[PDB]
Amino acid sequence: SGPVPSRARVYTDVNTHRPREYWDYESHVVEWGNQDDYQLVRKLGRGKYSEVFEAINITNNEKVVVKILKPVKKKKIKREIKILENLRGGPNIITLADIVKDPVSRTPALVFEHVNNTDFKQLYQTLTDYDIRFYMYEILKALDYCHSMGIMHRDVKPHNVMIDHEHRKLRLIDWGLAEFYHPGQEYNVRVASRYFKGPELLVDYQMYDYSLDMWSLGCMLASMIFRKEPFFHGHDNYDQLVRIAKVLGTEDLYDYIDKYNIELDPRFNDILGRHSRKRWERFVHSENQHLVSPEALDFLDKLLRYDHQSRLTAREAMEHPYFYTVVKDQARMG
Ligand SMILES: OCCCn1nnc2c(Br)c(Br)c(Br)c(Br)c21
Ligand SMILES: [Cl-]
Ligand SMILES: [Cl-]
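Each step along the sequence shown adds one to the number in the entry's author numbering, with nothing skipped, and position 328 is 329.
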């Protein structure tokens with residue numbers, strides 16, 4: 002029988018209208034730069050799947066950030082670089098500077114523009130109501146650009162947003178899980194991090210799209226405004242959906258399941274069972290009332306939908322009242 006097909010509502014064929022060499026990363030020939038150009042200064046850390054350094058380009062004396070890639074397949078290597086080259090110059094997307102290779106090891110290393118140590122998770126414990134709005138909007142600028150260029154990020158979370166609090170700057174990093182969106186294509190559910198995985202991924206639905214990132218963004222905001230890190234705290238993949246069910250309710254979950262003719266374990270239905278919906282105001286109480294407004298709760302409600310097709314698009318989200326003053330504020334400064 003199988004499931005019902007799905008299409009992205011926006012940017013549906015941006016790769017179809019483009020030439021083959023745009024999205025066919027398997028046919029790309031990576032002209033590898035010279036490793037000697039770059040000298041490592043200090044270890045900025047090591048991410049969930051890489052090791053990252055502060056570095057200096059000796060050809061122009063500018064600073065760069067080098068990311069020595071995890072022992073990974075050549076299929077993933079080429080996908081990421083091709084996605085970064087295409088997203089270059091986009092608003093709030095980190096820009097690939099060069100790509101080099103170790104002389105003896107032959108392990109690849111992405112080189113980027115220098116931004117800042119400070120990720121958005123470490124900076125989240127000192128943010129006003131207007132700061133949440135401002136930095137969420139900047140993430141939507143990056144999310145609408147990458148969607149508009151035909152790319153899902155697939156790993157949107159606090160750690161992958163770099164933010165310079167003082168200069169009002171923001172970058173979305175780690176595109177190594179991202180992928181090009183093509184209609185009719187089945188996509189692998191093993192992307193993102195538990196707490197930010199959409200219901201589509203947890204119900205083993207393959208034909209998802211850009212809307213996945215909008216789920217993840219909701220997860221951040223929810224945690225940001227209610228100060229519950231993370232807002233949906235699953236222990237395993239089964240439990241994550243069970244936590245989500247305990248907020249959005251099980252009624253719309255099973256409507257989502259039949260609509261797309263999605264199949265899953267009988268015991269999942271038993272595990273989930275029946276549970277009532279909880280209105281978004283019930284996660285407010287003590288030291289967070291200042292962060293939660295009506296426009297925040299509507300916005301959040303419209304992002305955290307089981308049905309991926311119903312979720313707000315990045316552009317739609319940018320038009321929400323939540324940002325009304327934000328878009329007006331940046332029209333007299335930027
Ligand atoms: O565990 C700490 C790792 C932090 N980390 N991970 N990926 C990073 C990227 Br890409 C850039 Br660019 C920058 Br600047 C930093 Br800092 C990064
Ligand atoms: Cl995939
Ligand atoms: Cl979108």
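Virtual Cβ for every residue (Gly too), placed ideally from N, Cα, C.
Compute the Euclidean distance between the alpha carbons of residue i and residue j, then round it to the nearest angstrom.
i	j	result
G90	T251	42 Å
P20	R312	30 Å
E52	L222	28 Å
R333	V11	30 Å
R191	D214	14 Å
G34	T60	12 Å
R244	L273	9 Å
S2	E81	35 Å
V15	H286	44 Å
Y50	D330	37 Å
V248	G151	32 Å
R134	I226	10 Å
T129	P109	40 Å
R228	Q36	43 Å
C220	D256	21 Å
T17	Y211	16 Å
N238	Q310	22 Å
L85	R275	44 Å
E22	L88	14 Å
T127	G46	23 Å
Note down, in chain order, each residue of its chain lying with its Cβ closer than 6 Å to the Cβ of residue i, except the 5 sequence neighbours on either side.
i	result
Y138	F324, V327
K83	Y26, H29
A318	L141
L254	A246, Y307
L242	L203
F121	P159, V162, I164
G235	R195, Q241, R244
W24	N16, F181
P72	none
What I want to know is whether the C-beta of residue i ends up closer than 7 Å to one or more non-hydrogen atoms of ligand 1.
i	result
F54	no
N93	no
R89	no
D175	yes
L144	no
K68	yes
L171	no
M221	no
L41	no
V112	no
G335	no
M163	yes
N61	no
Indicate, with yes or no, if ligand 3 has a heavy atom lying under 7 Å from the CB of residue i.
i	result
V11	yes
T108	no
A315	yes
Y196	no
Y209	no
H148	yes
Can you find a heavy atom of ligand 2 that lies under 7 Å from the Cβ of residue i?
i	result
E180	yes
So, at 7 Å on beta carbons, what are the nonlocal neighbours of residue i in its own chain, with the 5 sequence-adjacent residues on each side left out?
i	result
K142	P92, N93
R8	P184
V157	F197, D214, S217, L218
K44	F54
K77	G177
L41	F54, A56, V67
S277	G250
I258	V204
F233	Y196, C220, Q241, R244, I245
Compute the beta-carbon to beta-carbon distance between residue i and residue j, rounded to the nearest angstrom, for a pair I have assumed lies under 8 Å.
i	j	result
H166	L218	Not confirmed; about 19 Å, so no contact.
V5	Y209	That pair is no contact at about 13 Å.
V116	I95	7 Å
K79	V31	7 Å
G48	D175	7 Å
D145	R316	5 Å
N58	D38	6 Å
Quick one: is the Cβ of residue i within less than 7 Å of any heavy atom of ligand 5?
i	result
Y188	As presented, the structure is devoid of ligand 5, carrying ligand 1, ligand 2 and ligand 3 as its sole ligands.
Please list, in chain order, all residues of the same chain as residue i whose beta carbon is under 8 Å from its beta carbon, the five residues on each side excluded.
i	result
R155	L178, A179, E180, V192, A193, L213, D214
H321	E296, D299, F300, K303, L313
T119	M163, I164, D165, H166
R169	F135
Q186	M208
I'd like to know if the stretch 99-118 and the stretch 291-309 are in contact, where contact means that at least 3 CB-CB pairs between them fall below 8 Å.
no
Is it a yes or a no for the stretch 262-278 touching the stretch 190-210, going by three-plus beta-carbon pairs under 8 Å?
yes
May I ask you to verify whether the stretch 154-172 touches the stretch 62-75, counting CB pairs closer than 8 Å and requiring at least 3?
no
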